Structures are given as C-alpha cells and as structure tokens.
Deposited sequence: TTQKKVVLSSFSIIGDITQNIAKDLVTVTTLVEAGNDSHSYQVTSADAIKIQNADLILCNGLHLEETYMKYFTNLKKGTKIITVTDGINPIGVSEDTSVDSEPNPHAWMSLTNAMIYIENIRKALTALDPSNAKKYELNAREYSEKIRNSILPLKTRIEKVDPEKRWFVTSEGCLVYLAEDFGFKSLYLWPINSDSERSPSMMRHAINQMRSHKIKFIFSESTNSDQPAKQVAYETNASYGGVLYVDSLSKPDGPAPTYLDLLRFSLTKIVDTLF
C-alpha cells in the first residue's frame, strides 16, 4: 500500500477524500500547528522516508521545512498542489499562500491531487476519477449557495477585512476587496494604520480574526474605526475533531457562513 504525505491538515483531508483508503494518507503539520517554523521531529522524518508521494501547497507555505524533504525514497516526487493558481502577492512580491480559501481553487487542489494519485497508482485511476468528481460536487453543493448569497451584498459593502491576509484568494474568486493587518502569521504598525484609515474611508462594518491568532488587534481596530468585531474564522488549519472545522469542506463552509452572516 502506497503512502502519500501531505504537508498540512487541509491537504491531508482533501487527499483522503480523493483516495478513500486506496493509499495511506499522512500529514506532516497536523491540525493546530502552523507551518511557519514548524519543527520537523524525528518521527516526522519517518513519515518523510515512508512517503511514496509528497503533496505540498507551495506558494512558500513550506519554505521553512522544505529542507527536510531530502534523502527521499527513490521515485518519490514532491507535487505542488496549487499549480495553475495565479499567485497573489503579499505587497505591491512574495506569494500569499492561502489559495485554498476559494471555491474555484478547491477544484484545482482536487484536480492536481487526483492527477498525482493517478500517476502514482494508475491501476486505481477509475476510482480516483470517480472520487474526485464526487468530492468536487460535494464542495460545490455546500459552498455555492453561500457564494450566491454573498453575491447579493451591495457593492459598497464588498470588503473582506481580516487580521491575517487569509482571504485574498476568496476576495478574487467572489469579486470582493480585502483589507488586513498582516499578510502571514508569524505584524507591522503601518499596515494597521492603513486598515484603520481604509475602514473609515469606506465605512467598513466588520473585521475578523482567525483561529490561530490573537483577537486583540482586530478588536482594537474595530474600536478605532467604529466598526464591529466579526469573530473568529478558521483558515490556516483544520480544527480539532470536535471543533467546527474538522474537514476542509467544513472549514470552507464555516468560514464562509460566518462571513455571509456578518455581511448581512
């Protein structure tokens, strides 16, 4: 039985839905850990040695631990599952990694993983094909009605404002503008000042924080802007199993529900 190592929880869960136990799916950066300076352990090096295929996000998500994907099993490829996604920068240059926060992109993650699994394990091609379509449809069925509702928001109110720049791909997929306090979790006073200024200028009503960062900056910004704190979104990791976002589909569904419930 082949072993497919995903870099972090979101990719692991996508892969499990496509492979359904035809392969063993493992995860390096488990739910509740963050990729930036994640410390690869000895046990983790075992996962790496066992992998027949390594599935990474790219867009620099793994940059701090790519060096551990070395001395690999012969034949084992590293696949970037965001291939085909036009990157969105962190400036007016380095890429923002959060490409999974998008309905269009979910379909691209699935397709690239389907393709890689099929190349690895061609005897099960018909199964990966069916599974990939089923899962793509399940995501569409859950998430499209939330998009449809979001799209009714009056143009002046088409802003996604968060703490980390975690929704920039969602904004591009749905046709919203994004404002945030820092591009990636690991914090700048000028970026806070800008968001405050932009919220006042555009009468922006809500700002969110996220499940792996502090709510204090968002709350402070809300106070300074006479905006409201929108609460916590799940974006960078799956939740614990009894939390609200234990799968990728549940993560998209929770965060988009919370956004649409806010913005109406």
{"query": "Sequence order list of spans that the model leaves without C-alpha positions, deposited numbering", "finding": "1-3, 96-100, 195-197"}
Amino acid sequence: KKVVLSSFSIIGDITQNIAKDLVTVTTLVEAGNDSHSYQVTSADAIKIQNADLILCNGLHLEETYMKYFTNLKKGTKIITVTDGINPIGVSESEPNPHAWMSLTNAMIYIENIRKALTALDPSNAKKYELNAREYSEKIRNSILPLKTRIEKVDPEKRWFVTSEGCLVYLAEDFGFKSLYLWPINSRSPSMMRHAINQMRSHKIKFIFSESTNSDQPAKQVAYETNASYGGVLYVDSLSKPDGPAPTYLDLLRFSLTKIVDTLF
From here on, numbers count along this sequence of modelled residues.
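Here the rigid core means the biggest group of C-alpha atoms that line up within 1.5 Å when the two forms are laid on top of each other.
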item	value
Between 29-37 and 209-217, larger RMS Cα displacement in 4 other deposited structures of this protein after core fit	29-37
Mean Cα B-factor comparison, 49-57 or 66-74, giving the higher one as deposited	66-74
Between 101-109 and 118-126 (mean CA B-factor, as deposited), the higher	118-126
Candidate set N96, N185, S142, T148 [ranked by C-alpha B-factor, highest]	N185
Residue selected from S237, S42, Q216, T26 by maximal Cα B factor	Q216
Chain-relative CA temperature factor third for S136	lowest
Chain-relative CA temperature factor third for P244	middle
Record-listed C-alpha B factor of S91: chain third	highest
Within-chain third of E156 by Cα B-factor, per the entry	highest
Position of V168 among the chain's modelled residues by C-alpha B-factor, lowest, middle or highest third	lowest
